[PDB]
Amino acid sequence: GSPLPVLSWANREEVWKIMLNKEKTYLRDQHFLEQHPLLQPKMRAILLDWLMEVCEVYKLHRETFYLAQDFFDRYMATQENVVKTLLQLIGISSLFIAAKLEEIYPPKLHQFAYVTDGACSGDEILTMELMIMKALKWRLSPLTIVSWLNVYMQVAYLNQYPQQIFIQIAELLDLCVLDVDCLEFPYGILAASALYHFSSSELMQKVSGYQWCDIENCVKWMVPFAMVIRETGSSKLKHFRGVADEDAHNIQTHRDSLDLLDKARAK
């Protein structure tokens, strides 16, 4: 289907097809770590969690974090035999490219080197950024997991949107992204299934166009993650110093999500 309304600026059939085609051409592999035998999935989760932490410290957008996450996973699928000592460099360089692209006044190169405590220099980040961009074939315009949540919220509050509900769903998506198994599902299905866990099947079909059958396997995979978030209660909307109050929902936040990931991975 297609959940877009009649658009003035363009034909909704074309706008929606291009978006579906973007998800077609941008590929993700839930088994990319098999190409790196010295690496285990808990390393990816710890690295992505760390990037989320540095994102909040610099008031970086959630799109900036998801651009870095996508660049990391996609770049790692073009590589082989990577050691865990190189993972911090690949991660902070993915974040550097993303901040340059998404932020208006991104943090400076020395600030990206700083958060690594000397394990990464500015020169290394500049060498690595060119390696990542060239290996990704300059394909740096993905539709992130969080951009789909944004699309769904825009459609829901048309038929601007509320900040509190957005951050609760985003908080569930942040927990899921730490598990490489999430990469089995298209980004639009992960966001549709996170939205379902906070509403209904009727609402997700209305804002995403997906049918229940489409998101069902993803919903049953997300069930432990969603339950761990429900047990503890959802987070409250934070205020960010020097950030407009109509944009606070779009700022990346951090939580003790690694223990929540262990509870969801057990069941």
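What we label the rigid core is the largest C-alpha set whose atoms superpose within 1.5 Å from one form to the other. Numbers follow the displayed sequence, beginning with 1.
> Core-superposed in 6 other deposited structures of this protein, which stretch deviates more in Cα positions, 116 to 124 or 160 to 168?
It is 160 to 168 whose C-alphas lie farther from the shown form in 6 other deposited structures of this protein.
> Quick one: classify how much of the deposited chain lacks coordinates between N159 and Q160, choosing none, 1 to 3, 4 to 9, or 10 or more.
Gap between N159 and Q160: 4 to 9 unmodelled residues.
> Mean CA B-factor: is it higher for 18 to 26 or for 253 to 261?
Stretch with the higher mean C-alpha B-factor: 253 to 261.
> Averaging C-alpha B-factors over each stretch, which comes out higher, 61 to 69 or 204 to 212?
The recorded data point to 204 to 212.
> Looking at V146, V155, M131, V177, which has the biggest Cα B factor in the entry?
Result of the comparison over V146, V155, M131, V177: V155.
> Which of these has the highest Cα B-factor in the record: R74, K84, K108, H197?
Within the set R74, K84, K108, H197, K84 shows the top C-alpha B-factor.
> Among the chain's modelled residues, which third holds the C-alpha B-factor of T116?
Its C-alpha B-factor belongs to the highest third of this chain's values.
> Lowest, middle or highest third: which one holds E80 when the chain's residues are ordered by CA B-factor from the entry?
Top third by C-alpha B-factor.
> For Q88, return the chain-relative third of its C-alpha B-factor as stated in the PDB record: lowest, middle or highest.
Within its chain, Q88 is a middle-third residue by C-alpha B-factor, going by the deposited values.
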